[PDB]
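Residue numbers (the authors' numbering), protein chains in the order written: chain U, 2 to 270; chain V, 58 to 500; chain d, 82 to 350; chain e, 17 to 25, 34 to 65; chain C, 21 to 51; chain c, 244 to 310; chain Z, 261 to 290; chain D, 39 to 70. By construction, the Cβ of each residue, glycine as well, lies at the ideal position given by its N, Cα and C atoms. So the structure is just underneath, and the comments pick up after that.
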Amino acid sequence: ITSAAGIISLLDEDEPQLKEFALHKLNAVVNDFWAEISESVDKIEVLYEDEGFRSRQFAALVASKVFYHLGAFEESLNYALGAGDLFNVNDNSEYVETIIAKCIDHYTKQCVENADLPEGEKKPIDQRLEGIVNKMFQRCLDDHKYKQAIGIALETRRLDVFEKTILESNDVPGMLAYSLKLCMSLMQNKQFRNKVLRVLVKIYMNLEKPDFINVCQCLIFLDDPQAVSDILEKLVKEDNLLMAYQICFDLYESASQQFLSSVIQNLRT
Amino acid sequence: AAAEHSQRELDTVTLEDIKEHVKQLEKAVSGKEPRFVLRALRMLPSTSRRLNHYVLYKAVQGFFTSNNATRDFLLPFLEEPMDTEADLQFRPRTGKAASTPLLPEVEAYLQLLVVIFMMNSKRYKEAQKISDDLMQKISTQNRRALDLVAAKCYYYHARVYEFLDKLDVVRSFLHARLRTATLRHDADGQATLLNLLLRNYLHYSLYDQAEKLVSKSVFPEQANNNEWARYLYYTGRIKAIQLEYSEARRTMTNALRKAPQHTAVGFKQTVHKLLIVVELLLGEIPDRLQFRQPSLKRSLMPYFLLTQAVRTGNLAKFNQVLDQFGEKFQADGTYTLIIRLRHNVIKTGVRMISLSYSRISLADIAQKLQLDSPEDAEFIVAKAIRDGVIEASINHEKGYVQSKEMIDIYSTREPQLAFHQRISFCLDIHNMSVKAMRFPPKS
Amino acid sequence: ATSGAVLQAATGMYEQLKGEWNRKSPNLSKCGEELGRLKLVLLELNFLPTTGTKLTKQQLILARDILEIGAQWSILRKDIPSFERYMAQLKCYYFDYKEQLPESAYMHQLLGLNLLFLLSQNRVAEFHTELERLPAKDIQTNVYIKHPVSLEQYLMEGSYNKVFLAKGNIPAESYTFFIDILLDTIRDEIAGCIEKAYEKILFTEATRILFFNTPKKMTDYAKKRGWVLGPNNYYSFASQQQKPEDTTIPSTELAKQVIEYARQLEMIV
Amino acid sequence: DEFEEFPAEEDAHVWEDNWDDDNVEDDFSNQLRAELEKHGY
Amino acid sequence: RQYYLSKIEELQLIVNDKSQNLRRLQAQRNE
Amino acid sequence: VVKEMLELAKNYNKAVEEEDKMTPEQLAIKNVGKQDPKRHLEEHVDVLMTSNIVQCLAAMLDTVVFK
Amino acid sequence: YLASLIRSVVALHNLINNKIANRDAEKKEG
Amino acid sequence: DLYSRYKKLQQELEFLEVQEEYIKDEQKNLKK
């Protein structure tokens, strides 16, 4: 029937083995009786707080589930993060979905702050928190369409996964155009914009036949006159010519006179 | 038969009502306002009845009919009409509309109507399979509007299980399904689920388990009047058992005030049943206008003989009533509370003495309350004084229970505080009225 | 097979503990060690429904009887924390498995105490909610349940003189230890009455009021509670009632409440 | 919105009736007759 | 993909009430 | 002012409780003379409520500042 | 308080009048 | 389109906030 919550009496006991059967059982019945275990808290909390318990990493899960049921999400991730493996990795249940959502929701807040103060003052990021997000990042990569994880990729900075996503199978370099457009239009930090652009150019260069049209267009916003100058020279020395002309004819129709005056100057050398 | 011909006219009108609901249901989905659905869902109880097998079939043959497995699920679960002469093809979805999968709102609404019909047809399992699939459909469905239509189905689904008379199989389901809403900031669904859940809890007398759930959970303040009325009764039932009497009256009287004027003869019947017993245990003689009212006249007459007993204080009369009408109380779920009273009849008379007398000598209190000895009253006189049923001080130096010298309140700060709670609500009403004001996006 | 072997062991430990218990002197220390082990095998056997298998009906009785052993073991030692941990643990068996497991007469018994325990700690709120679980007929018919509820009824109604005399109606000594606790509780409860009802009191009268056979015992509450003894040997509780808060205009609080009206009538919303 | 969940479970006297009316006591003249006689003697 | 879509589906409710609000404030103004 | 607003409520009851529906949009425009419905209504409420709130707040501030 | 109540009843009356206004225009659009 | 919808919505919310702030000011200034 399971119409009682005296198990919390077990967790009141002292036999370390007996706690484990109680702690396990609650996590098998926490989804229903979240009430009583909410008052327990400290009882389950102290079990994880204590470093000697045999199954502490199970204590947090049950305790985390109780808090998730109760609704104090600010503390649900804390205990969820402390646990591991069984903690949330299962990536199957609704409680996982709500904890992961915040956890990847919590992650971006830290990373956005971090990119503001990267001069060593940057606040630390927990490996488990990064572990879960990148695991998700590793999850979003290998699950299905990557034109989504890219958005979550640049959502929480993490340029490495950004490069990985587009450089990965990526079906076609068409998703590169999708990302590029998003970088220009729906990016509100120039310092990030520059960093996104560097990734977009670097992917452009490593391509077998790099998209000169986009790369020069990408560079203009990045404000790289010399870099475009060297690109122009190699294209000439490779006997491309035909594609080189539009890159110049598209260049004059966007850039500034200072940009051109500098870019022209490089060629003369 | 002309009765069914009006019925199909009722069907078509219900279909038109449904089409009105579906068109409004499809209106809200693209209308960007979940409010529209509430109108269709309030007509739901009205349209809940007035439907037989031809209704849904033509509706499901009128709606859906996308060749989707949906037809294959509820069509077999409801009797299909013959080749009726008036084959009014009521297809609000024409071709592409049929091709387009039914929005999660209308499908559940149509399925709920089948579910309702399932209830109306006592087919709680076909509805069970219908409904859980409905849930199995709407469990994944994460729209914002479906939460409303889901909420109505939930209670019906709780109601289909309600007629299934298990209530534990859905104890967990409704217990978890609740948590899905709260993690969505959804308003109505959380409200409806909680009330059904609590009803589950009291139905087996797990008041301890129930008392917790209300302790941590927070009922959405901006909730349906219908629901707000329900939650207040269940909390009142819990509070009364938990010996928090004074709060039991405040919520139950407030729960009663929220009853849907004159639709629910029953709910008003049960609440008054607890209110009368709840009030007695607190030392207040309940209102007489209750026991004369038409709907509650015979229903509360069993409690009537009780309240007369308490005021009379004739314990022999009080026991006599429990012996006869007592057994009926159990079904009402009140016998236990009455048992508390039997050894608490002395309190009111202690209040009656404190309300009229102001310096009654203890020996006199014993005479007027039937207490055996002047010494016995002292514990009872103090206890009533101790428990805040009186406002008196027992000066044991000479055995007189002095009552508190009442003051001119208007010169103290009580009236200002009473005006503050009043003005805050009055101003809030203005903000709530002004805040919505629902100026339609100027067409 | 193994469950039966443990069942045989559990019964063996039972027949040991039972024999250790059924003996007129069930040594708490000797019994205590035996009881713990049975739980572990029960921890393997079960303490909740858990698996869908039909748990050994004897096994359910054994754990119940082993706890039933413990509960009456718990009363033996007089350890309140033990009684709670055992009772709440024992609480489950009474309600969860009602449909299949039969009801050994001790079930009413251990229920009979449990209500008394709740009263002893003054948790009268948990008392009535506790009564609700028991069926209607058992409330008046069962002697074990009747004594507390009737004890509760006098306590509510202020027949403390009845409670003191009624103390001799305890059918099983297990009630006796708690009932002594209630004797302290009621004397405290009576003490509560002597506070906010009477402004003054007479030690000779108060000695009667608190049912204290020793003036030094009165010194106890004169020490523990420290009821300020009046100048004429009349414990002066008049210092308790007092009459504050009728002289100072809150001023600061009202200017805050009035401002809130002002803001609500000027906010643009 | 009838609450079908909660089942909806001679003395046609118009006048509103107060609690004290139900009180059972001998007629007033008999009280005064006793009261006057008792103090009368 | 589920969290990324649930998040958009709650910010959609908030903007929806804001839009209904902005219409009203425009109405309170023009009067 | 409370006396004057009272008489203005009497009309507000009569003006609303009339609620005559013979083209009510035209009723709301054939009875416009700066009269009962609202203009002589809460217009006074603002005056009445502003005067009291300011007076009260002044009263409590003085009670705190001056001893 | 009396000032507050008047401003509230007027507020509700203005929403009811408005709820009728947009609703009536809502039906009248058809 | 999971990301695409996200940025347009959040941009709309941020921009509708500005409309609210301006309108809240202009109502106040008009009252003057």
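Who does residue i pair with in a DSSP beta bridge?
i      : result
V/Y457 : V/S418 and V/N452
Using the Cα positions of residue i and residue j, report the straight-line distance between them to the nearest angstrom.
i      : j      : result
V/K385 : V/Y212 : 28 Å
d/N223 : U/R55  : 45 Å
d/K281 : V/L419 : 16 Å
U/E169 : U/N195 : 22 Å
V/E284 : d/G117 : 49 Å
V/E77  : V/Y111 : 19 Å
V/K115 : V/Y291 : 40 Å
C/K38  : U/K148 : 30 Å
V/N488 : V/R306 : 30 Å
V/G152 : c/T266 : 43 Å
Z/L272 : C/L45  : 18 Å
U/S39  : d/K277 : 36 Å
d/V87  : U/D51  : 33 Å
D/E59  : U/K66  : 40 Å
d/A272 : d/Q234 : 19 Å
V/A388 : V/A297 : 17 Å
V/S356 : V/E278 : 32 Å
d/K337 : Z/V270 : 27 Å
V/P102 : V/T71  : 12 Å
d/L126 : d/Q140 : 8 Å
V/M309 : V/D344 : 14 Å
V/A366 : V/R294 : 23 Å
In the DSSP assignment, find the alpha helix (DSSP H) that holds residue i and state where it starts and stops.
i      : result
U/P119 : Where U/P119 is concerned, there is no enclosing alpha helix (DSSP H), given that its DSSP letter is neither H nor E.
U/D161 : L160 to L168
d/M299 : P296 to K304
U/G132 : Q128 to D144
V/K223 : Counting along the chain, V/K223 falls outside any alpha helix (DSSP H), and DSSP gives it neither H nor E.
d/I156 : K138 to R158
c/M248 : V245 to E261
d/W308 : Per DSSP, d/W308 belongs to no alpha helix (DSSP H) and is neither H nor E.
V/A97  : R92 to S105
U/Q247 : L243 to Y253
U/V264 : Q258 to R269
d/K277 : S255 to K277
Between the options, which has its C-alpha nearest residue i's C-alpha?
i      : options                           : result
e/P23  : V/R99, V/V322, V/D204 and V/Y288  : V/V322
d/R268 : d/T92, d/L346, d/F292 and d/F284  : d/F292
U/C104 : U/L268, U/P226, U/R129 and U/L142 : U/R129
V/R399 : V/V378, V/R416 and V/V163         : V/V378
V/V275 : U/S186, U/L11, U/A36 and U/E114   : U/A36
U/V173 : U/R199, U/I204, U/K191 and U/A6   : U/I204
d/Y174 : d/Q153, d/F128 and d/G193         : d/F128
d/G133 : U/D13, U/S41 and U/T3             : U/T3
V/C210 : V/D129, V/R234, V/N371 and V/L484 : V/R234
V/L231 : V/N252, V/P498, V/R200 and V/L332 : V/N252
ask   = What residues in the segment 489-500 of chain V bring their beta carbon closer than 8 Å to a beta carbon of chain Z?
value = Against chain Z - using a Cβ distance shorter than 8 Å - the residues of the segment 489-500 of chain V are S490, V491, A493, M494, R495, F496, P497 and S500.
key: Residues of the segment 300-322 of chain d whose Cβ lies closer than 9 Å to any Cβ of chain c, in chain order   = none
request  = For the segment 271-304 of chain c, enumerate the residues whose C-beta is nearer than 7 Å to any C-beta of chain d, in chain order.
outcome  = Of all residues in the segment 271-304 of chain c, only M292, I296, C299, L300, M303 and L304 place a beta-carbon less than 7 Å from a beta-carbon of chain d.
request  = Below 9 Å between beta carbons is the criterion; list the residues of the segment 206-221 of chain d that meet it against any residue of chain V, in chain order.
outcome  = Flagged, chain order: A206, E207, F208, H209, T210, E211, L212, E213, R214, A217, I220 and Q221.
query = What residues in the segment 34-67 of chain U bring their beta carbon closer than 7 Å to a beta carbon of chain V?
reply = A36, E37 and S39
task = Pull out every residue of the segment 122-145 of chain d whose Cβ sits closer than 9 Å to any Cβ of chain U, in chain order.
result = Those residues of the segment 122-145 of chain d that come within reach of chain U (Cβ to Cβ, closer than 9 Å) are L124, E125, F128, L129, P130 and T131.
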